[PDB]
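J.: File follows, coords.pdb with PDB, C-alpha atoms and all ligand atoms:
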MODEL        1
ATOM      1  CA  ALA A   1      -9.185  -0.374  20.075
ATOM      2  CA  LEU A   2      -7.580   3.103  19.627
ATOM      3  CA  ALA A   3      -9.634   6.255  18.787
ATOM      4  CA  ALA A   4      -6.740   7.545  16.608
ATOM      5  CA  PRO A   5      -3.321   6.440  15.238
ATOM      6  CA  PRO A   6      -0.754   5.844  18.045
ATOM      7  CA  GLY A   7       1.972   8.517  18.544
ATOM      8  CA  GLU A   8       4.736   5.844  18.317
ATOM      9  CA  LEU A   9       3.594   5.334  14.663
ATOM     10  CA  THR A  10       2.325   8.812  13.647
ATOM     11  CA  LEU A  11       3.856  11.997  12.086
ATOM     12  CA  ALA A  12       1.570  15.064  11.525
ATOM     13  CA  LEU A  13       1.847  17.224   8.350
ATOM     14  CA  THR A  14      -0.041  19.750   6.164
ATOM     15  CA  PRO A  15      -0.437  19.142   2.384
ATOM     16  CA  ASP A  16       1.938  22.154   1.671
ATOM     17  CA  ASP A  17       4.895  20.406   3.484
ATOM     18  CA  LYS A  18       7.236  19.253   0.620
ATOM     19  CA  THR A  19      10.048  17.819   2.885
ATOM     20  CA  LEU A  20      10.657  16.702   6.512
ATOM     21  CA  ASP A  21      13.345  18.613   8.492
ATOM     22  CA  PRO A  22      16.300  16.323   9.388
ATOM     23  CA  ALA A  23      14.890  15.711  12.951
ATOM     24  CA  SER A  24      11.461  14.582  11.523
ATOM     25  CA  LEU A  25      13.074  12.328   8.821
ATOM     26  CA  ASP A  26      15.367  10.581  11.412
ATOM     27  CA  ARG A  27      12.181   9.907  13.492
ATOM     28  CA  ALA A  28      10.221   8.567  10.433
ATOM     29  CA  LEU A  29      13.147   6.160   9.591
ATOM     30  CA  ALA A  30      13.452   5.192  13.341
ATOM     31  CA  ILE A  31       9.713   4.229  13.317
ATOM     32  CA  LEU A  32       9.940   2.190  10.052
ATOM     33  CA  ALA A  33      13.045   0.430  11.492
ATOM     34  CA  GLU A  34      11.532  -0.354  14.947
ATOM     35  CA  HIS A  35       7.784  -0.742  14.244
ATOM     36  CA  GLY A  36       7.665  -1.393  10.438
ATOM     37  CA  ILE A  37       4.722   1.034   9.868
ATOM     38  CA  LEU A  38       4.478   4.871   9.787
ATOM     39  CA  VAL A  39       1.206   6.896   9.526
ATOM     40  CA  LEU A  40       1.491  10.415   7.935
ATOM     41  CA  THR A  41      -1.627  12.556   8.761
ATOM     42  CA  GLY A  42      -2.654  15.542   6.548
ATOM     43  CA  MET A  43      -0.608  14.569   3.426
ATOM     44  CA  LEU A  44      -3.256  14.903   0.621
ATOM     45  CA  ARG A  45      -5.964  17.521  -0.236
ATOM     46  CA  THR A  46      -9.738  16.671  -0.267
ATOM     47  CA  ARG A  47      -9.802  17.736  -3.982
ATOM     48  CA  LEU A  48      -7.614  14.626  -4.836
ATOM     49  CA  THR A  49      -8.992  11.941  -2.424
ATOM     50  CA  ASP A  50     -12.589  12.974  -3.484
ATOM     51  CA  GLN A  51     -11.922  12.489  -7.261
ATOM     52  CA  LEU A  52     -10.080   9.140  -6.608
ATOM     53  CA  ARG A  53     -12.819   7.859  -4.206
ATOM     54  CA  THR A  54     -15.531   8.791  -6.810
ATOM     55  CA  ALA A  55     -13.545   7.208  -9.731
ATOM     56  CA  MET A  56     -13.094   3.836  -7.881
ATOM     57  CA  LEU A  57     -16.754   3.569  -6.661
ATOM     58  CA  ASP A  58     -17.784   4.351 -10.311
ATOM     59  CA  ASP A  59     -15.516   1.446 -11.551
ATOM     60  CA  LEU A  60     -16.655  -1.068  -8.828
ATOM     61  CA  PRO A  61     -19.702  -2.198 -10.899
ATOM     62  CA  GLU A  62     -17.424  -3.116 -13.894
ATOM     63  CA  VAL A  63     -15.159  -5.043 -11.427
ATOM     64  CA  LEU A  64     -18.055  -7.052  -9.857
ATOM     65  CA  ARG A  65     -19.507  -7.911 -13.363
ATOM     66  CA  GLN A  66     -16.253  -9.912 -14.137
ATOM     67  CA  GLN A  67     -16.801 -13.701 -14.544
ATOM     68  CA  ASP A  68     -14.451 -14.506 -11.613
ATOM     69  CA  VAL A  69     -13.923 -11.514  -9.201
ATOM     70  CA  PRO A  70     -10.287 -11.433  -7.982
ATOM     71  CA  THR A  71     -10.172 -11.367  -4.151
ATOM     72  CA  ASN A  72      -7.264 -11.555  -1.653
ATOM     73  CA  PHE A  73      -7.613 -14.688   0.623
ATOM     74  CA  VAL A  74     -11.381 -14.455   1.503
ATOM     75  CA  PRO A  75     -14.668 -13.018   0.103
ATOM     76  CA  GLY A  76     -15.192  -9.215   0.248
ATOM     77  CA  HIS A  77     -11.533  -8.195  -0.279
ATOM     78  CA  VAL A  78     -11.599  -7.238  -4.003
ATOM     79  CA  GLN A  79      -8.428  -6.328  -5.974
ATOM     80  CA  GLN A  80      -9.287  -3.187  -8.046
ATOM     81  CA  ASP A  81      -6.735  -0.945  -9.894
ATOM     82  CA  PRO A  82      -7.568   2.808  -9.814
ATOM     83  CA  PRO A  83      -7.779   4.454 -13.276
ATOM     84  CA  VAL A  84      -4.632   5.608 -15.202
ATOM     85  CA  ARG A  85      -6.385   8.475 -17.076
ATOM     86  CA  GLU A  86      -4.301  11.704 -17.526
ATOM     87  CA  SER A  87      -6.913  13.580 -15.348
ATOM     88  CA  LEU A  88      -6.779  11.096 -12.346
ATOM     89  CA  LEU A  89      -2.938  10.729 -12.259
ATOM     90  CA  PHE A  90      -1.854  13.422  -9.722
ATOM     91  CA  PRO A  91       1.873  14.070  -9.029
ATOM     92  CA  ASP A  92       1.160  14.602  -5.266
ATOM     93  CA  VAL A  93      -0.101  10.938  -5.179
ATOM     94  CA  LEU A  94       2.258   9.014  -7.600
ATOM     95  CA  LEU A  95       5.377  11.178  -6.989
ATOM     96  CA  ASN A  96       4.654  12.550  -3.464
ATOM     97  CA  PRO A  97       7.841  14.420  -2.413
ATOM     98  CA  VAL A  98       7.580  13.440   1.333
ATOM     99  CA  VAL A  99       6.905   9.737   0.550
ATOM    100  CA  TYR A 100       9.893   9.523  -1.885
ATOM    101  CA  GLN A 101      12.080  11.434   0.672
ATOM    102  CA  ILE A 102      11.418   8.589   3.189
ATOM    103  CA  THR A 103      11.695   5.766   0.575
ATOM    104  CA  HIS A 104      14.941   7.236  -0.906
ATOM    105  CA  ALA A 105      16.415   7.294   2.640
ATOM    106  CA  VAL A 106      15.315   3.659   3.338
ATOM    107  CA  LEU A 107      15.632   1.881  -0.088
ATOM    108  CA  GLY A 108      18.179   4.138  -1.969
ATOM    109  CA  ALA A 109      17.955   7.045  -4.500
ATOM    110  CA  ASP A 110      17.363   4.394  -7.258
ATOM    111  CA  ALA A 111      14.205   3.014  -5.512
ATOM    112  CA  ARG A 112      11.140   3.038  -7.822
ATOM    113  CA  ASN A 113       7.341   2.688  -7.491
ATOM    114  CA  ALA A 114       6.158  -0.443  -9.408
ATOM    115  CA  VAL A 115       2.514  -0.759  -8.197
ATOM    116  CA  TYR A 116      -0.554   1.488  -8.715
ATOM    117  CA  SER A 117      -3.369  -0.813  -7.443
ATOM    118  CA  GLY A 118      -6.203  -0.885  -4.848
ATOM    119  CA  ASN A 119      -8.182  -2.915  -2.267
ATOM    120  CA  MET A 120     -11.990  -2.443  -2.225
ATOM    121  CA  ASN A 121     -13.156  -3.911   1.175
ATOM    122  CA  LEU A 122     -16.914  -4.571   0.601
ATOM    123  CA  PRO A 123     -19.671  -4.654   3.243
ATOM    124  CA  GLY A 124     -19.954  -8.091   4.942
ATOM    125  CA  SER A 125     -16.347  -9.049   3.991
ATOM    126  CA  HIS A 126     -14.623 -11.991   5.768
ATOM    127  CA  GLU A 127     -11.515 -11.968   8.041
ATOM    128  CA  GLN A 128      -8.219 -12.415   6.082
ATOM    129  CA  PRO A 129      -5.505 -14.620   7.626
ATOM    130  CA  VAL A 130      -2.439 -12.706   9.015
ATOM    131  CA  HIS A 131       0.177 -12.446   6.206
ATOM    132  CA  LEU A 132       3.048 -10.614   4.420
ATOM    133  CA  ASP A 133       2.178  -8.736   1.208
ATOM    134  CA  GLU A 134       5.844  -9.207   0.115
ATOM    135  CA  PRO A 135       8.063 -12.035   1.446
ATOM    136  CA  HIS A 136      11.589 -12.282   2.899
ATOM    137  CA  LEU A 137      14.141 -13.010   0.125
ATOM    138  CA  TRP A 138      15.481 -16.153   1.947
ATOM    139  CA  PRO A 139      14.083 -18.208   4.870
ATOM    140  CA  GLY A 140      15.832 -17.910   8.295
ATOM    141  CA  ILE A 141      17.766 -14.702   7.322
ATOM    142  CA  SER A 142      17.644 -11.123   8.716
ATOM    143  CA  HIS A 143      18.035  -8.524   5.929
ATOM    144  CA  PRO A 144      17.026  -4.865   5.574
ATOM    145  CA  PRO A 145      13.814  -3.899   3.718
ATOM    146  CA  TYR A 146      13.704  -4.066  -0.144
ATOM    147  CA  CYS A 147      10.105  -2.700  -0.492
ATOM    148  CA  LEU A 148       7.786  -0.203   1.243
ATOM    149  CA  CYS A 149       3.979  -0.449   0.758
ATOM    150  CA  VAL A 150       2.409   3.077   0.453
ATOM    151  CA  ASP A 151      -1.317   2.797   1.348
ATOM    152  CA  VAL A 152      -3.668   5.786   0.707
ATOM    153  CA  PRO A 153      -7.158   5.494   2.285
ATOM    154  CA  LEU A 154      -9.814   7.272   0.106
ATOM    155  CA  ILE A 155     -12.442   7.468   2.952
ATOM    156  CA  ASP A 156     -12.065   7.825   6.765
ATOM    157  CA  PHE A 157     -10.995   4.276   7.858
ATOM    158  CA  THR A 158     -12.810   3.261  11.085
ATOM    159  CA  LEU A 159     -12.882   0.151  13.319
ATOM    160  CA  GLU A 160     -16.292  -0.782  11.851
ATOM    161  CA  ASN A 161     -15.527  -0.179   8.122
ATOM    162  CA  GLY A 162     -12.363  -2.348   7.929
ATOM    163  CA  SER A 163      -9.282  -0.440   9.126
ATOM    164  CA  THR A 164      -6.365  -2.902   8.764
ATOM    165  CA  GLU A 165      -5.001  -4.964  11.720
ATOM    166  CA  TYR A 166      -1.213  -4.222  11.862
ATOM    167  CA  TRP A 167       1.432  -6.243  13.822
ATOM    168  CA  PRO A 168       4.168  -3.734  14.838
ATOM    169  CA  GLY A 169       7.828  -4.910  14.639
ATOM    170  CA  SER A 170       6.856  -8.108  12.708
ATOM    171  CA  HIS A 171       8.796  -6.975   9.592
ATOM    172  CA  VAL A 172      12.183  -8.164  11.055
ATOM    173  CA  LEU A 173      10.844 -11.614  12.178
ATOM    174  CA  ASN A 174      11.839 -14.446   9.740
ATOM    175  CA  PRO A 175      12.535 -17.790  11.475
ATOM    176  CA  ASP A 176      12.458 -21.180   9.601
ATOM    177  CA  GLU A 177       9.086 -22.667   8.459
ATOM    178  CA  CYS A 178       7.393 -19.330   9.508
ATOM    179  CA  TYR A 179       5.530 -18.449   6.220
ATOM    180  CA  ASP A 180       3.587 -20.647   3.740
ATOM    181  CA  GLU A 181       3.508 -20.300  -0.094
ATOM    182  CA  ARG A 182       0.724 -17.564   0.060
ATOM    183  CA  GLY A 183       2.790 -15.600   2.670
ATOM    184  CA  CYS A 184       0.487 -16.391   5.653
ATOM    185  CA  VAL A 185       2.177 -16.519   9.110
ATOM    186  CA  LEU A 186       1.962 -20.005  10.743
ATOM    187  CA  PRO A 187      -0.323 -20.028  13.821
ATOM    188  CA  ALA A 188       2.468 -21.121  16.269
ATOM    189  CA  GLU A 189       4.598 -18.036  15.360
ATOM    190  CA  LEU A 190       1.518 -15.735  15.701
ATOM    191  CA  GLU A 191       0.702 -16.795  19.310
ATOM    192  CA  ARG A 192       4.423 -16.578  20.327
ATOM    193  CA  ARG A 193       4.468 -13.036  18.829
ATOM    194  CA  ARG A 194       1.031 -11.966  20.269
ATOM    195  CA  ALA A 195       2.520 -12.484  23.818
ATOM    196  CA  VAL A 196       5.551 -10.142  23.142
ATOM    197  CA  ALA A 197       3.886  -7.478  20.860
ATOM    198  CA  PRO A 198       0.126  -7.845  20.108
ATOM    199  CA  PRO A 199      -1.608  -6.478  16.964
ATOM    200  CA  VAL A 200      -3.131  -2.937  16.847
ATOM    201  CA  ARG A 201      -6.080  -1.574  14.788
ATOM    202  CA  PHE A 202      -6.957   2.174  14.613
ATOM    203  CA  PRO A 203      -8.899   4.800  12.600
ATOM    204  CA  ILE A 204      -6.953   6.523   9.756
ATOM    205  CA  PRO A 205      -8.455   9.816   8.491
ATOM    206  CA  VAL A 206      -8.713  10.331   4.678
ATOM    207  CA  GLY A 207      -5.776  12.512   3.472
ATOM    208  CA  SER A 208      -3.431  10.292   5.569
ATOM    209  CA  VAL A 209      -0.700   8.162   3.892
ATOM    210  CA  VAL A 210       0.551   4.950   5.585
ATOM    211  CA  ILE A 211       4.102   3.763   4.706
ATOM    212  CA  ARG A 212       4.986   0.221   5.950
ATOM    213  CA  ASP A 213       7.532  -2.566   5.323
ATOM    214  CA  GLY A 214       6.225  -4.983   2.644
ATOM    215  CA  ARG A 215       7.120  -7.800   5.113
ATOM    216  CA  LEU A 216       4.958  -6.415   8.005
ATOM    217  CA  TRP A 217       2.302  -8.872   9.295
ATOM    218  CA  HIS A 218      -1.294  -7.618   8.865
ATOM    219  CA  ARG A 219      -4.811  -8.826   7.985
ATOM    220  CA  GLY A 220      -7.811  -7.166   6.363
ATOM    221  CA  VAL A 221     -10.906  -7.417   8.591
ATOM    222  CA  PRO A 222     -14.687  -7.310   8.006
ATOM    223  CA  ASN A 223     -16.219  -4.066   6.677
ATOM    224  CA  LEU A 224     -19.395  -3.912   8.863
ATOM    225  CA  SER A 225     -20.410  -0.462   7.454
ATOM    226  CA  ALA A 226     -22.973  -0.113   4.588
ATOM    227  CA  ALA A 227     -20.311   1.360   2.214
ATOM    228  CA  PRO A 228     -17.312  -0.028   0.306
ATOM    229  CA  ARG A 229     -13.922   1.000   1.828
ATOM    230  CA  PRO A 230     -11.515   1.882  -1.029
ATOM    231  CA  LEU A 231      -7.695   1.882  -0.576
ATOM    232  CA  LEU A 232      -5.238   3.109  -3.256
ATOM    233  CA  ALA A 233      -1.985   1.098  -2.971
ATOM    234  CA  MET A 234       1.521   1.760  -4.295
ATOM    235  CA  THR A 235       4.743  -0.163  -3.476
ATOM    236  CA  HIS A 236       8.292   1.255  -3.863
ATOM    237  CA  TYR A 237      11.018  -1.404  -4.440
ATOM    238  CA  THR A 238      14.841  -1.293  -4.610
ATOM    239  CA  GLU A 239      16.243  -0.868  -8.153
ATOM    240  CA  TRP A 240      17.389  -4.555  -8.219
ATOM    241  CA  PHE A 241      14.100  -6.274  -7.215
ATOM    242  CA  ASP A 242      12.359  -7.527 -10.438
ATOM    243  CA  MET A 243       8.810  -6.191 -11.039
ATOM    244  CA  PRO A 244       6.662  -5.881 -14.183
ATOM    245  CA  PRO A 245       6.119  -2.216 -15.178
ATOM    246  CA  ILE A 246       2.983  -0.044 -14.529
ATOM    247  CA  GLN A 247       0.952   0.517 -17.756
ATOM    248  CA  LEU A 248       0.599   4.364 -18.053
ATOM    249  CA  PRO A 249      -0.519   6.605 -20.974
ATOM    250  CA  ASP A 250       2.229   8.626 -22.854
ATOM    251  CA  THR A 251       0.129  11.760 -21.962
ATOM    252  CA  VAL A 252       1.829  11.585 -18.456
ATOM    253  CA  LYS A 253       5.284  10.426 -19.689
ATOM    254  CA  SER A 254       6.364  14.079 -19.836
ATOM    255  CA  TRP A 255       6.413  14.586 -16.033
ATOM    256  CA  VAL A 256       6.592  10.952 -14.785
ATOM    257  CA  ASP A 257       9.670   9.933 -16.874
ATOM    258  CA  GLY A 258      11.672  13.144 -16.201
ATOM    259  CA  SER A 259      11.445  12.917 -12.388
ATOM    260  CA  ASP A 260      14.225  11.683 -10.045
ATOM    261  CA  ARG A 261      11.322  10.100  -8.102
ATOM    262  CA  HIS A 262      11.418   6.892 -10.208
ATOM    263  CA  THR A 263       8.398   4.913 -11.479
ATOM    264  CA  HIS A 264       8.914   1.533 -13.234
ATOM    265  CA  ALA A 265       6.462   2.381 -16.061
ATOM    266  CA  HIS A 266       5.741   1.376 -19.691
ATOM    267  CA  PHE A 267       3.982   4.164 -21.679
ATOM    268  CA  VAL A 268       1.264   3.258 -24.249
ATOM    269  CA  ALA A 269      -0.277   5.555 -26.919
ATOM    270  CA  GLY A 270      -3.959   6.352 -26.137
ATOM    271  CA  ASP A 271      -6.202   4.941 -23.362
ATOM    272  CA  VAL A 272      -5.091   2.154 -20.950
ATOM    273  CA  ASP A 273      -7.654  -0.326 -19.476
ATOM    274  CA  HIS A 274      -6.660  -0.528 -15.768
ATOM    275  CA  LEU A 275      -9.627  -2.764 -14.879
ATOM    276  CA  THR A 276      -9.002  -5.977 -16.886
ATOM    277  CA  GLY A 277      -5.739  -4.918 -18.573
ATOM    278  CA  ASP A 278      -7.042  -5.835 -22.061
ATOM    279  CA  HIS A 279      -5.148  -2.985 -23.827
ATOM    280  CA  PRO A 280      -3.649  -4.355 -27.090
ATOM    281  CA  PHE A 281       0.071  -3.461 -26.600
ATOM    282  CA  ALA A 282       1.302  -4.320 -23.054
TER     283      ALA A 282
HETATM  284  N1  LIG A 301       1.845  -3.681  -2.426
HETATM  285  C1  LIG A 301       0.637  -4.011  -1.635
HETATM  286  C2  LIG A 301      -0.333  -4.976  -2.299
HETATM  287  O1  LIG A 301       0.348  -6.253  -2.422
HETATM  288  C3  LIG A 301      -0.453  -7.439  -2.589
HETATM  289  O2  LIG A 301      -1.053  -7.523  -3.861
HETATM  290  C4  LIG A 301      -0.311  -7.837  -5.054
HETATM  291  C5  LIG A 301       0.306  -9.250  -4.991
HETATM  292  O3  LIG A 301       1.614  -9.088  -4.425
HETATM  293  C6  LIG A 301       0.431 -10.047  -6.313
HETATM  294  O4  LIG A 301       0.289 -11.440  -6.051
HETATM  295  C7  LIG A 301      -0.612  -9.685  -7.384
HETATM  296  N2  LIG A 301      -0.202 -10.209  -8.726
HETATM  297  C8  LIG A 301      -0.813  -8.185  -7.479
HETATM  298  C9  LIG A 301      -1.359  -7.709  -6.147
HETATM  299  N3  LIG A 301      -1.808  -6.284  -6.243
HETATM  300  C10 LIG A 301      -1.552  -7.523  -1.565
HETATM  301  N4  LIG A 301      -2.331  -8.769  -1.653
HETATM  302  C11 LIG A 301      -2.456  -6.295  -1.678
HETATM  303  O5  LIG A 301      -3.511  -6.372  -0.724
HETATM  304  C12 LIG A 301      -1.637  -5.029  -1.476
HETATM  305  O6  LIG A 301      -2.437  -3.918  -1.872
HETATM  306 NI    NI A 302      -2.124  -7.845   2.797
ENDMDL
END
Here is a file; write its structure as structure tokens.
T.:
Amino acid sequence: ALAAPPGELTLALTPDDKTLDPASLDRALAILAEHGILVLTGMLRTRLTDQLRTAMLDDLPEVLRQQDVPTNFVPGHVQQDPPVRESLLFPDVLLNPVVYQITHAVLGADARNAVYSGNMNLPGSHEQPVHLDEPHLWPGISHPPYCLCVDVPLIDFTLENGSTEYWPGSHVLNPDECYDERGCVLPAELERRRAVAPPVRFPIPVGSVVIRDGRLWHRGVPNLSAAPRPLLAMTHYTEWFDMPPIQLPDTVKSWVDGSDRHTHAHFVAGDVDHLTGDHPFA
């Protein structure tokens, strides 16, 4: 019911900021440890978010033409990969120096991005169940994080247009028989948790970047606006967690492969089909 992101969760920047001073970084880490979600305002320029927003709304028709449209949990929550064309792969988005500074500190210098995907929340979408995007490695065990979701809204997220319900501090909870095979939280454990630390939902301005634990409870909620709500989604993992590589064109290999901000990527000659992944050599 907030009119902006809570201060407990938020850290304000300009796009020119390339690192956090030690005091800011310790705070960012302290938030991800305690709350499991960190909102970074003013990270990305309009020039980038605009091109990416345009590119994904242009692709949405090709996505909805598909015989079976891939959704997450309920109708209206479409899985859509953004394009991997030389011209729409920006270093400030894939290899953001502030994001990787936080993820290196949390997951290790060998941590790597292994997801370049998206969530198109359509008008009249349904309520998702509360869930983990990425599960705990064993039931009934406390362990540190092995993955951080990096969510990039491509329009102003509002209460009406489907800003995500987040459950702060839920990333460290992992009792027995808590999660089912799709990673949905059992209803008993929700109501116990709602009493101690209830969910929050808030606007997130475009140009913001949200970093959160992969294990954080959350649910997508109905888009009641007249416009699709695109989200570009990356996920950094520890070196040792097994993931299939991101299909990228060799036209970007030059700067992506060199970097000490690691991507788990496989480079193909020529164009890559993000949408349906039909490209001949995977
Ligand atoms: N790293 C965050 C993302 O993780 C999940 O999606 C993955 C999901 O983990 C896989 O089952 C699927 N094969 C790919 C999909 N993109 C979530 N369902 C997405 O909503 C979220 O964008
Ligand atoms: Ni989710």
J.: Just to confirm, what's the straight-line distance from CA of residue 102 in chain A to CA of residue 10 in chain A in Å (one decimal)?
T.: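 It comes out at 13.9 Å.
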J.: CA of residue 2 in chain A and CA of residue 164 in chain A are how many Å apart?
T.: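 Value for the CA of residue 2 in chain A-CA of residue 164 in chain A distance: 12.5 Å.
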J.: Please identify the residues whose atoms come within 10 Å of ligand LIG 301 (chain A), using all atoms listed in the file, and report them as an NGL selection string.
T.: :A and (70-73 or 77-81 or 113-120 or 131-135 or 147-151 or 182-183 or 212-214 or 218-220 or 231-237 or 244)
J.: List the neighbours of residue 229 in chain A out to 8 Å using all atoms listed in the file; skip same-chain residues closer than 6 positions along the sequence, and give me the result as JSON, numbers by chain.
T.: {"A": [120, 121, 122, 154, 155, 157, 161, 162, 223]}
J.: Go through A:166, A:146, A:90, A:138 and flag the residue nearest ligand NI 302 (chain A), using only C-alpha atoms and all ligand atoms for the distances.
T.: A:166
J.: Rank A:173, A:95, A:44, A:130 by their smallest atom-to-atom distance to ligand NI 302 (chain A), using all atoms listed in the file, and report the top residue only.
T.: A:130
J.: So how far away is CA of residue 29 in chain A from CA of residue 1 in chain A, in Å?
T.: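 Distance between the two atoms: 25.5 Å.
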J.: Exactly which residues make up the result of the PyMOL selection byres (((chain A and resi 7) around 12) and not hetatm) on this file, given as a PyMOL selection string?
T.: chain A and resi 2-6+8-12+27-28+31+35+37-41+202
J.: Taking into account all atoms listed in the file, which residue in the set A:84, A:252, A:52, A:74 is nearest to ligand NI 302 (chain A)?
T.: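 Smallest separation from ligand NI 302 (chain A) among the options: A:74.
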J.: Using only C-alpha atoms and all ligand atoms, can you tell me which of A:127, A:21, A:176, A:26 comes closest to ligand NI 302 (chain A)?
T.: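 Selected residue with least distance to ligand NI 302 (chain A): A:127.
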J.: Kindly provide, as a ChimeraX atom specification, the polymer residues lying within 10 Å of (3.0, -12.8, 13.4), counting only C-alpha atoms and using the coordinates exactly as they appear in the file.
T.: /A:130-132,166-171,173-174,178-179,184-194,197-199,216-218
J.: Counting all atoms listed in the file, figure out which residue out of A:256, A:69, A:32, A:221 gets nearest to ligand NI 302 (chain A).
T.: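 So, comparing all the options, the nearest one is A:221.
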J.: Going by the chain IDs and residue numbers used in this file, which residues fall under the PyMOL selection byres (((chain A and resi 100) around 9) and not hetatm)? Write them as a ChimeraX atom specification.
T.: /A:95-99,101-105,109,111-112,236,261-262
J.: Just the selected residues (C-alpha atoms), exported as a compact mmCIF listing (two decimals), in the coordinates of the input, please.
T.:
# COMPACT_ATOMS: atom_id res chain seq x y z
CA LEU A 95 5.38 11.18 -6.99
CA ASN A 96 4.65 12.55 -3.46
CA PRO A 97 7.84 14.42 -2.41
CA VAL A 98 7.58 13.44 1.33
CA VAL A 99 6.90 9.74 0.55
CA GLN A 101 12.08 11.43 0.67
CA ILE A 102 11.42 8.59 3.19
CA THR A 103 11.70 5.77 0.57
CA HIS A 104 14.94 7.24 -0.91
CA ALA A 105 16.42 7.29 2.64
CA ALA A 109 17.95 7.04 -4.50
CA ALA A 111 14.20 3.01 -5.51
CA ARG A 112 11.14 3.04 -7.82
CA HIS A 236 8.29 1.25 -3.86
CA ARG A 261 11.32 10.10 -8.10
CA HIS A 262 11.42 6.89 -10.21
J.: A:227, A:33, A:159, A:282: which is nearest residue 57 in chain A, counting only C-alpha atoms?
T.: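 Result for the nearest residue to residue 57 in chain A: A:227.
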J.: What lies within 12 Å of residue 50 in chain A using all atoms listed in the file, ignoring chain neighbours under 3 positions off, as an NGL selection string?
T.: :A and (44-47 or 53-57 or 88 or 153-156 or 206-207 or 230)
J.: Report, as AutoDock Vina command-line options, the centre and edge lengths in Å (one decimal) of the axis-aligned box enclosing every listed atom of range 140-152 of chain A, padded by 8 Å on each side.
T.:
--center_x 7.2 --center_y -6.1 --center_z 4.1 --size_x 37.7 --size_y 39.7 --size_z 25.2
J.: With a distance cut-off of 10 Å and only C-alpha atoms, select the neighbouring residues of range 245-250 of chain A, excluding the residue or stretch itself and same-chain residues fewer than 3 positions from it, and output the selection as a PyMOL selection string.
T.: chain A and resi 83-86+89+113-117+242+253-257+263-274+277+279+281-282
